[PDB]
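Coming up is one lone chain in structure tokens, specifically the form solved without 3-acetamido-2-methylbenzoic acid.
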């Protein structure tokens, strides 16, 4: 058998706020974090907007010297991790440090640092490249730097599954705990691809909404006028903890992580299949993992990227998995407000899923003024919806057809 896993700590940077409570306040009020990108020449760019982290003060976490060594994506992940550990009340000791590990991931990693060192390399040659270039840019350094700062000696690793990273990181962190390899994990993702290469890279595949005139209306999941996703920056981190360990120290328990599903589409490199057959296997895999019937599910935090193919596949997948219960559950895209944090999407959407359990409220899908063909589900258009939520799903479907589902249940 298997150990139960609870959420005792959460931390976040998002386009809505510099922590969980501020972010969640924006989500429930349907506020957008999307705005034209600043201190950056986007003249030659079809997209000039996204969700930036506004007002981040790294010196709340690190000395200036330590922050100078680390890509913004690493900074954002340490921030959410430090918040989550502090939010949990956990005390690390010689007696438990071998049982506390970290799995913080990223989709794309250190593009901002890769750019600035590229500038150096091309202008002046190799001897101007930072000595800290490699360890300050690679994706396993949020786990690395966190483990070194707090003295964590348990499982130490990093996932990179594109837009599925956050969901995969939390899910496989839960497995470490359930099968007795750890009592505590910090898990989630961080991302800062709002650079030239990120905007350019996604710009060149014309993946991005180009609604420059109305940045707050660009992200419109399931709306007939959607024209691709909105690039956003940030981090989410959860403290996952074995239930008996959490109870023994009297932890505040937000919710229980009951299920994790994974699937591969084996379809296309960036597009999901029109019927969402891969997202459907993943959700069924996640429900079976939790020993739950589809009928027991109340809330889904969609991937809901605002791409023509993605949004429609997810409707197909939900109708397929949930049959005559598909209208009864509420499903919303918090990306209507946050845009798409890529590797960190799944981490902040796990937190929104946990807070939907705490607060008994479905976050809105904003900008859903004209549901597309067959988008006739309860997508919680425009405003938040109080309702009963025992069981909440969080879905992520990424490049390479990599799928993740997390199942959270109310704990009392």
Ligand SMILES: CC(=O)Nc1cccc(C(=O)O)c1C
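Positions refer to the first chain, counted from 1.
Another form, the form solved in complex with 3-acetamido-2-methylbenzoic acid, is not on view; read the next lines as being about it.
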- Query: Even though 3-acetamido-2-methylbenzoic acid is not shown here, does residue 310 get within 4.5 Å of it in the entry with it bound, heavy atoms only?
  - Reply: yes
- Query: residue 243: heavy atom within 4.5 Å of 3-acetamido-2-methylbenzoic acid in the entry with it bound?
  - Reply: no
- Query: Just to confirm, residue 338 within 4.5 Å of 3-acetamido-2-methylbenzoic acid in the entry with it bound by heavy atoms?
  - Reply: no
- Message: Please determine whether residue 268 contacts 3-acetamido-2-methylbenzoic acid in the entry with it bound, using a 4.5 Å cut-off between heavy atoms.
- Response: yes
- Task: Residue by residue through 272 to 305, tell me which have a non-hydrogen atom within 4.5 angstroms of 3-acetamido-2-methylbenzoic acid in the entry with it bound.
- Result: 272, 303, 305
